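This report refers to the structure that appears directly beneath it.
There are 2 protein chains.
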Amino acid sequence: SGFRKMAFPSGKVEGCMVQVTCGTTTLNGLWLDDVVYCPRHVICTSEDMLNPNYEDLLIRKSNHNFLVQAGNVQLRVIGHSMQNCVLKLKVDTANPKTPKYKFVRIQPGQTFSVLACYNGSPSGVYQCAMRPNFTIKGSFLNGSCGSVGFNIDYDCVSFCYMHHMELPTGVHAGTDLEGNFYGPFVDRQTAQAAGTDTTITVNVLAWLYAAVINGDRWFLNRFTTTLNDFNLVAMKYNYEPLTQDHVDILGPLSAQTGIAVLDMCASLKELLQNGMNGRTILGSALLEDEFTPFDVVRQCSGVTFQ
Amino acid sequence: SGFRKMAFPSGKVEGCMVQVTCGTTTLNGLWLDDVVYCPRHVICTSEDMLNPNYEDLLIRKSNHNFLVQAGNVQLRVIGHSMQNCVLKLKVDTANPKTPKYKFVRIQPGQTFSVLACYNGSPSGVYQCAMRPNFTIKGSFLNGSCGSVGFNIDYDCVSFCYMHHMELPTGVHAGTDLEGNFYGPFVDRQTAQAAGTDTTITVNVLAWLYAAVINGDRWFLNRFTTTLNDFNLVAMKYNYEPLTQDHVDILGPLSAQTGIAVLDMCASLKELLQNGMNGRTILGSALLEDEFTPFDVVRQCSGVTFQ
């Protein structure tokens, strides 16, 4: 038993992290096959970030201007191209540690593991979620750019996030592995405002199911509710509205615990109005929304990977 | 910026996990060099656990009774010995992926990363702490026995925990890599009661320092206090008493933020009495004690590893 904020094993990603240097800037890159992916603002100086013209900055760069280093082995750049907001440096050597990988663009509310790196060297791993405003609440310092978020399906590594910038508000924004930013953000140092950071209601319900599995049942009440009457209360507290698709995803958890989705909603509705009265749920005094229904199933059933 | 419950990269440990089977029981093992370490209750049946005599059970076992499997490669057991509560199965093949490792016995309050495994296959990684009652609040299912806790110092992997059993209360107990249990626990299925689970005060202070670094300062008050007057209030709330050694460890954090240790204690003392009044600190409505002062420095400065 027990429930922890669990990340995926990062071994298969550690062997793909390299150090990319272009001029004075040095950040991390993702070495898969004979291509290295990195944020395109590696070609910028501290002054260029205020208003960069990436097309013009890239003209004055040649293949021999990029220093790709894997530990102590130097990679030779044979060709460079800019796809959206990422650079694709084609190197001469393929990565022998290239795993069965895949590029995926996730939706808000999904979770993934982040491997924070500095100078191509791994520093730590943690789990987080794509907020509804397309930001993530991560832990990044200067030089962490190029760190990647990923999930694992048995033996396949699904890359879904590359870190690009920290907003003046302390939250983090990045792109998929094709160079398309999540949200309306751009890679320049300017005041960019994010929207309302709502709570991922479907994730909260999955977390309450995990609590019942582990013995916490005090929040179970005698009431029920309707999908509409719940969303009416949810919107008032800046909670994402619940749809029928969300009910279908919670089906397995409903079957294992013997508690209907709408009944669990009635317990949550009560919690949203009356609070938690100093009690805790799974050792937390707040409602957690960084576990998806799949995360709960995976952790409460012991799913392994290559 | 930002602050996350960060675990160490598990790549160097993934390559050391194997599957150990003896009769009907199958659990995980740690393959370092030509030796495989695993819990000794792998030789027990479900009935033997109620009152096992490990000496007598081990006599009826030969080297060819243990099935050590690394992925799809079979290991040959050449010699077995029982050191305290762990079995040391000497195999014929040395692990080519053996990292610079080290066995260490940690003290209560220290933190480490856990690699939860099933059938020798990694499942997830999370960070946790050795509670003052020598238990850990982990996430383990049946078959997770043999999973290891570890830290990383640059290129050296320090193994400090092996999981053995789940207590009837839902908490977890295990041994160091020499087979000595943490706490007064034994590897048999019987009612074992743990003591008072107090709060690790030194870790809470380190966490408050991390908050100030990241912009949360509302808890900073105008008071101060003495080491004795604080411990008087701490003991009332089941907090570990603070010693001078703890003050010395918080020195660097005191220098970076410009806030004296005793002043931060005065802020904590206030929080312990008046509560948090619905406010949060680093996104938490409770006082966190699973970050050591070293963890905070490491995450707020970007320490990398091999």
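Note that the protein sequences, when read in sequence, are chains A and A'. A prime marks a further copy of an entry chain. If you're matching positions, the first sequence starts at 1 in the deposited numbering and goes up one per residue. If you're matching positions, the second sequence starts at 1 in the deposited numbering and goes up one per residue. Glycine included, each C-beta is placed from N, C-alpha and C at the ideal position.
Exercise. Near A/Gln189, what residues of its chain come up, given a Cβ to Cβ distance below 6 Å and the 5 sequence neighbours on each side ignored?
Worked result: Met49 and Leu50
Exercise. Which runs of the beta strand (DSSP E) spanning at least 3 residues fall entirely within the region 227 to 284 of chain A, listed in chain order?
Worked result: none
For this session: With 9 Å as the threshold, decide whether the Cβ of residue 313 of chain A' is near any Cβ in chain A.
Result: As displayed, chain A' neither begins before 1 nor continues past 306, which places residue 313 of chain A' out of reach and without an answer.
For this session: Give every residue of the same chain whose Cβ lies closer than 6 Å to the Cβ of A'/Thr21, excluding the five residues on either side of it in the sequence, and list them in chain order.
Result: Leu67
Exercise. DSSP on A'/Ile59, reduced to helix/strand/coil?
Worked result: A'/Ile59: helix per DSSP, three-state reduction.
For this session: Alpha carbon to alpha carbon, how far is A'/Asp34 from A/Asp197? Give it in angstroms, no decimals.
Result: 52 Å
Exercise. Does A'/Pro9 get closer than 9 Å to chain A when you measure Cβ to Cβ?
Worked result: yes
Exercise. Excluding the five sequence neighbours on either side, which residues of its own chain have a C-beta within less than 6 Å of the C-beta of A'/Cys160, listed in chain order?
Worked result: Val104, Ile106, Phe112 and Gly149
For this session: Starting from A'/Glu14, find everything on chain A with Cβ-Cβ shorter than 7 Å and list it in chain order.
Result: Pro9 and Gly11
Problem set entry | Beta-carbon proximity of residue 307 of chain A' to A'/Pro252, cut-off 9 Å | Residue numbering for chain A' in the displayed model covers 1 to 306; residue 307 of chain A' lies beyond these limits and cannot be assessed.
Problem set entry | chain A residues whose Cβ lies nearer than 8 Å to that of A'/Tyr126 | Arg4, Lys5, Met6 and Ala7
Exercise. What did DSSP end up calling A'/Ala173 once you bin it into helix, strand or coil?
Worked result: Strand, per DSSP.
For this session: Tell me A'/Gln110's beta-bridge partners as DSSP assigns them.
Result: Answer is none; A'/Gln110 lacks a bridge partner.
Exercise. DSSP on A/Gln306, reduced to helix/strand/coil?
Worked result: coil
Exercise. Which one of A/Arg40, A/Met17, A/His41 and A/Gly23 has the shortest CA to CA distance from A/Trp31?
Worked result: A/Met17
Exercise. Can you name the residues of chain A whose CB is closer than 9 Å to the CB of A'/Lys137?
Worked result: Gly2, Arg4 and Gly283
Problem set entry | Beta-carbon proximity of A'/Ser254 to A'/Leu208, cut-off 9 Å | no
Exercise. Does the Cβ of A/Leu232 have 16 or more other Cβ atoms within 10 Å, making it buried, or fewer, making it exposed?
Worked result: exposed
Exercise. Name the DSSP bridge partner or partners of residue 307 of chain A'?
Worked result: In the structure as shown, chain A' begins at 1 and stops at 306. Residue 307 of chain A' is therefore absent and cannot be evaluated.
For this session: Verify whether the separation of the beta carbon atoms of A/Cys128 and A/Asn28 is less than 9 Å.
Result: no
Exercise. At a cut-off of 8 Å, is A/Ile259 close to the ligand SAM when judged by its beta-carbon and the heavy atoms of the ligand?
Worked result: This structure lacks the ligand SAM; in fact it carries no ligand of any kind.
Problem set entry | Where the alpha helix (DSSP H) through A/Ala206 begins and ends | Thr201 to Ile213
For this session: Compute the Euclidean distance between the alpha carbons of A/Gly278 and A/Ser284, then round it to the nearest angstrom.
Result: 10 Å
Exercise. Nearest-angstrom Cα distance between A/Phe140 and A'/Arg298?
Worked result: 12 Å
Exercise. For A/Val73, which option in A/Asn65, A/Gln19 and A/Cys38 has the closest C-alpha, if you only look at C-alpha atoms?
Worked result: A/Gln19
Exercise. What do you get for A'/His64, buried or exposed, if any count of 16 or more other CB atoms within 10 angstroms of its CB means buried?
Worked result: The Cβ neighbour count for A'/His64, taken over all protein chains shown within 10 Å, is under 16; the residue is labelled exposed.
Exercise. For A/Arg131, which residues of its own chain have a beta-carbon under 6 Å away from its beta-carbon, when the five flanking residues on both sides are left out?
Worked result: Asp197
Exercise. With a cut-off of 8 Å, do at least 3 Cβ pairs link the region 175 to 195 of chain A to the region 224 to 231 of chain A?
Worked result: no
Exercise. Are any of the Cβ atoms in chain A' nearer than 9 Å to that of A/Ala255?
Worked result: no
Problem set entry | A/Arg4 to A'/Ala173 span [Cα, whole Å] | 16 Å
Exercise. Taking just the CA atoms, how far does A'/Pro96 sit from A'/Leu272?
Worked result: 51 Å
For this session: Check whether the Cβ atoms of A/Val212 and A/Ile259 sit closer than 9 Å, and answer yes or no.
Result: yes
For this session: Would you grab the beta carbon distance between A/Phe8 and A/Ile152 for me? Rounded to a whole angstrom, and I think it's under 8 Å.
Result: 5 Å
Problem set entry | Residues, ordered as in the chain, of the region 151 to 183 of chain A that lie near chain A' by beta-carbon distance below 9 Å | Taking 9 Å as the Cβ-Cβ cut-off against chain A', the residues of the region 151 to 183 of chain A that qualify are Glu166, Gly170, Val171 and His172.
Exercise. Excluding five sequence neighbours on each side, which residues of the same chain lie with their C-beta closer than 7 Å to the C-beta of A/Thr93?
Worked result: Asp34 and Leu75
Exercise. Just reading off the beta strand (DSSP E) that A'/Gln69 is part of, what are its end residues?
Worked result: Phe66 to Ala70
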